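Take a look at the structure below.
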Amino acid sequence: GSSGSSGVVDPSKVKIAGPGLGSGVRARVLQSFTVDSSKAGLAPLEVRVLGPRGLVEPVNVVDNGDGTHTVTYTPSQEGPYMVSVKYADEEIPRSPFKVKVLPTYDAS
(Lines of atoms letter the chains of each structure in order from A and count residues from 1; the text may use other names and numbers.)
(Lines give C-alpha, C1' and ligand atoms only; values in the text may rest on other atoms or scores of the structure.)
Protein backbone atom coordinates (compact mmCIF):
# COMPACT_ATOMS: atom_id res chain seq x y z
CA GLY A 1 0.00 0.00 0.00
CA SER A 2 0.91 3.67 -0.34
CA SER A 3 2.16 5.13 2.94
CA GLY A 4 4.52 7.97 3.77
CA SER A 5 4.99 11.64 2.89
CA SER A 6 8.24 12.43 1.09
CA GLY A 7 9.27 14.27 -2.06
CA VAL A 8 12.95 13.47 -2.55
CA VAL A 9 14.65 12.78 -5.87
CA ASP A 10 16.31 9.39 -6.35
CA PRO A 11 18.44 9.28 -9.53
CA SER A 12 19.23 5.67 -8.63
CA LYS A 13 15.65 4.55 -9.30
CA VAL A 14 15.66 5.59 -12.96
CA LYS A 15 16.45 2.90 -15.52
CA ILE A 16 16.33 2.39 -19.29
CA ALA A 17 15.36 -0.58 -21.47
CA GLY A 18 15.27 -0.68 -25.26
CA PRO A 19 16.84 -1.91 -28.51
CA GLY A 20 18.71 1.37 -28.93
CA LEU A 21 20.85 0.48 -25.92
CA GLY A 22 21.16 -3.17 -26.87
CA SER A 23 24.12 -4.75 -28.65
CA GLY A 24 22.10 -5.25 -31.82
CA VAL A 25 22.52 -1.67 -33.03
CA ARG A 26 23.34 -0.83 -36.65
CA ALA A 27 24.74 2.36 -38.17
CA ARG A 28 22.35 4.68 -40.02
CA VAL A 29 19.48 2.92 -38.25
CA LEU A 30 16.59 4.19 -36.13
CA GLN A 31 17.51 3.52 -32.50
CA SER A 32 15.11 4.22 -29.63
CA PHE A 33 14.58 3.14 -26.02
CA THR A 34 12.48 3.77 -22.91
CA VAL A 35 13.63 5.72 -19.86
CA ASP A 36 11.74 4.82 -16.68
CA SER A 37 12.11 7.58 -14.08
CA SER A 38 8.79 7.17 -12.27
CA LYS A 39 10.57 5.85 -9.18
CA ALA A 40 13.20 8.58 -9.49
CA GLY A 41 10.79 11.45 -8.91
CA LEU A 42 9.96 14.59 -10.88
CA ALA A 43 13.56 15.32 -11.87
CA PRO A 44 14.46 15.93 -15.54
CA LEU A 45 16.38 13.48 -17.73
CA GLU A 46 19.48 14.33 -19.76
CA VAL A 47 21.07 12.32 -22.58
CA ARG A 48 24.23 12.50 -24.69
CA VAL A 49 25.79 10.43 -27.47
CA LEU A 50 29.57 10.42 -27.92
CA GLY A 51 31.12 8.73 -30.93
CA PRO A 52 34.04 6.27 -30.74
CA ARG A 53 36.64 8.87 -31.68
CA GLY A 54 34.86 11.73 -29.94
CA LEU A 55 31.92 12.79 -32.10
CA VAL A 56 28.90 14.68 -30.76
CA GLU A 57 25.44 13.58 -31.90
CA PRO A 58 22.08 15.09 -30.89
CA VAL A 59 19.32 13.25 -29.03
CA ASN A 60 15.53 13.28 -28.78
CA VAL A 61 13.48 13.47 -25.58
CA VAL A 62 9.75 12.76 -25.32
CA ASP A 63 7.58 12.24 -22.24
CA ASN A 64 5.18 9.29 -22.37
CA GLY A 65 2.90 10.70 -19.68
CA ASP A 66 2.63 7.51 -17.63
CA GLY A 67 6.13 7.39 -16.17
CA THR A 68 8.74 7.07 -18.90
CA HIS A 69 10.53 8.91 -21.71
CA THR A 70 11.26 7.96 -25.31
CA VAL A 71 14.63 8.83 -26.86
CA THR A 72 15.10 8.40 -30.61
CA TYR A 73 18.48 8.64 -32.33
CA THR A 74 20.53 7.41 -35.29
CA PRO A 75 24.23 6.46 -35.18
CA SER A 76 25.65 8.13 -38.28
CA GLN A 77 28.29 5.39 -38.32
CA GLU A 78 29.28 2.24 -36.43
CA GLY A 79 31.78 1.71 -33.63
CA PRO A 80 32.14 1.87 -29.83
CA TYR A 81 29.63 4.61 -29.03
CA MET A 82 28.70 5.99 -25.60
CA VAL A 83 25.27 7.16 -24.47
CA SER A 84 25.49 9.14 -21.22
CA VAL A 85 22.41 9.90 -19.13
CA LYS A 86 21.78 12.15 -16.13
CA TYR A 87 18.91 12.88 -13.74
CA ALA A 88 18.61 16.01 -11.60
CA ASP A 89 22.29 16.87 -12.01
CA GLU A 90 23.20 13.34 -10.92
CA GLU A 91 24.70 10.82 -13.34
CA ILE A 92 22.49 7.76 -12.91
CA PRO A 93 24.18 4.58 -11.61
CA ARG A 94 23.58 3.12 -15.06
CA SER A 95 25.38 5.83 -17.02
CA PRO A 96 27.27 6.26 -19.06
CA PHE A 97 26.05 3.50 -21.38
CA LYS A 98 28.50 1.56 -23.56
CA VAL A 99 26.74 0.91 -26.87
CA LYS A 100 28.87 -0.80 -29.52
CA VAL A 101 27.31 0.13 -32.87
CA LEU A 102 27.52 -2.32 -35.77
CA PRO A 103 27.94 -1.80 -39.54
CA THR A 104 24.60 -1.82 -41.36
CA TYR A 105 26.24 -4.56 -43.43
CA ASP A 106 26.96 -7.81 -41.59
CA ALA A 107 30.19 -9.47 -42.73
CA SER A 108 29.01 -13.08 -42.62
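Letter by letter, the sequence shown follows residues 1 to 108 of the entry's author numbering. Just so you know, even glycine gets a beta-carbon here, dropped at the ideal spot from N, CA and C.
Would you mind working out which of the options sits nearest residue i, comparing C-alpha positions?
| i | options | result |
| --- | --- | --- |
| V14 | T72, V35, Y105 and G51 | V35 |
| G20 | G54, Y105, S5 and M82 | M82 |
| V85 | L45, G67 and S12 | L45 |
| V29 | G4, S2 and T74 | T74 |
Could you have a look at residue i and say whether DSSP puts it in helix, strand or coil?
| i | result |
| --- | --- |
| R28 | coil |
| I92 | coil |
| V59 | coil |
| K98 | strand |
| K13 | coil |
| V8 | coil |
Taking the beta strand (DSSP E) that residue i belongs to, which residues open and close that run?
| i | result |
| --- | --- |
| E46 | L45 to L50 |
| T104 | Note, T104: premise wrong, no beta strand (DSSP E); not H, not E. |
| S84 | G79 to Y87 |
| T70 | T68 to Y73 |
Just the C-alpha distance for residue i and residue j, rounded to the nearest angstrom, thanks.
| i | j | result |
| --- | --- | --- |
| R94 | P103 | 25 Å |
| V71 | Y105 | 24 Å |
| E57 | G1 | 43 Å |
Check the C-beta distance from residue i over to residue j and give it rounded, since I have them as a contact under 8 Å.
| i | j | result |
| --- | --- | --- |
| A17 | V101 | About 18 Å; that fails the 8 Å criterion. |
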